[PDB]
């Protein structure tokens, strides 16, 4: 399986909207179902800062994953970046999460020269947790009733990777 | 003596002076030498019932400030954040408790928030004592979270739950 990584752009709006519109994908991050292609196309054209990088994983031209890294906008926090709820993959277990996470960390380390990369993950998302720890993330805190998922408040682990 | 009021244009000058005190600015994430200029552009065009900013006044002088912001995302909207917390000129004079107690009244009785979040520097004992007094519990410790006095310092990630 050949996986190209690309900067999320106009030509990807349709596939990415579809990726996060899958209830099984959305519930593991903070997205809501039924998002519009046009509302996302907007937020895209309403984006231009190089401190926010959004990558899409592709197969035969289809968006099968996505991840983002954003350096904090505040000067006293600018040595850190966040990848949010993490990697969003549709094809789990086929190396997409690793391809995306490795590429984002490469940028953080070697190009932005960030000292700290932060993320949050649902405490029961064992597969995601295993991936993040493989890449150097450690749990720093546990946040109770952090977000809504499946009609109830669930916890997330707050993680960080220091360089 | 201490009057609490909604932060508006009338206060931009006093609030700016507040943060220009390095002893105040260093315990939060603000930068010194801010100018009434950029703040006004921020306030006078930035209005949601989600963000509440208060200023503590004594004889018309801004001696303290704090803000509560309900998270914008639907799946996180049951929570709110007060950032690095309470920014006070007079430590020990009861300005912090005044401000915080009032933001929590709004959070509990009007917004009906289930979770309020904050971060505080690990070595700021009086602030930690204040947040603990109001029900906040430490949920995690974040290493090299921000810059303070030319070095990376840690913070405690705290949350106050209402169930």
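Using ideal geometry, Cβ is built from the backbone for each residue, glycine included, and neighbour counts are taken over all protein chains shown. All of the numbers you see were taken from the coordinates with simple rules; none came from a lab.
Does the stretch A:56-149 come out rounded, prolate or oblate by the C-alpha gyration tensor, with a ≥ b ≥ c the root eigenvalues, rounded set by a/c under 1.5 and, if not, prolate when a/b is larger than b/c and oblate if not?
oblate
Under the √(5λ) rule applied to the eigenvalues of the Cα gyration tensor, what semi-axes describe the equivalent ellipsoid of the stretch B:119-163? Give them in Å, descending. The partial results should precede the final answer.
Numbers: eigenvalues 93, 26, 7 Å².
Semi-axes from the Cα gyration tensor: 22, 11, 6 Å.
So how far, in whole Å, is the C-alpha centre of the stretch B:118-134 from the one of the stretch B:1-66?
So the separation of the two Cα centres works out to 21 Å.
Hey, got the average number of other protein chain Cβ atoms within 10 angstrom for residues in A:134-141?
2
Count, for each residue of B:142-154, the Cβ atoms from other chains sitting within 10 Å of its Cβ, then give me the mean as a whole number.
Averaged over the peptide's residues, the number is 4.
Please report the base-10 log of the normalised intensity I(q)/I(0) for the protein assembly as shown, using a Debye sum with one equal scatterer per alpha carbon and no solvent, at each q in 0.14 (1/Å).
Log10 I(q)/I(0), no solvent term: -1.20.
What 222 nm value per residue comes from the helices of chain A, counting each DSSP H run with n ≥ 4 as -39,500 (n - 2.57) and dividing by all residues, nearest 500 deg cm²/dmol?
Computed ellipticity for chain A at 222 nm equals -8000 deg cm²/dmol.
Quantify how strongly other chains surround peptide A:109-116 by giving the mean number of their Cβ atoms within 10 Å of each of its Cβ atoms.
1
Of all DSSP beta bridges located in the stretch B:1-138, what percent are antiparallel, nearest 5?
Details: 17 of 20 bridges.
Here the share of antiparallel DSSP bridges comes out near 85 percent.
Rounded if a/c is under 1.5, else prolate if a/b is larger than b/c, else oblate: which is chain B, with a ≥ b ≥ c the root eigenvalues of its Cα gyration tensor?
Working: a/c = 1.39, a/b = 1.11, b/c = 1.25.
Since a/c stays below 1.5, the shape of chain B is classed as rounded.
Classify the stretch B:38-94 as rounded, prolate or oblate, taking a ≥ b ≥ c as the square roots of the eigenvalues of its Cα gyration tensor: rounded when a/c is under 1.5, otherwise prolate if a/b is larger than b/c and oblate if not.
Since a/c reaches 1.5 but b/c is at least a/b, the shape of the stretch B:38-94 is classed as oblate.
How far apart, in nm, are two points set 7 Å out from the Cα along the Cα-to-Cβ line at residue A:135 and at residue A:46?
The modelled label-to-label distance comes out at 2.8 nm.
For a footprinting-style exposure proxy, rank B:50, A:149 by other Cβ within 10 Å, fewest first.
B:50, A:149
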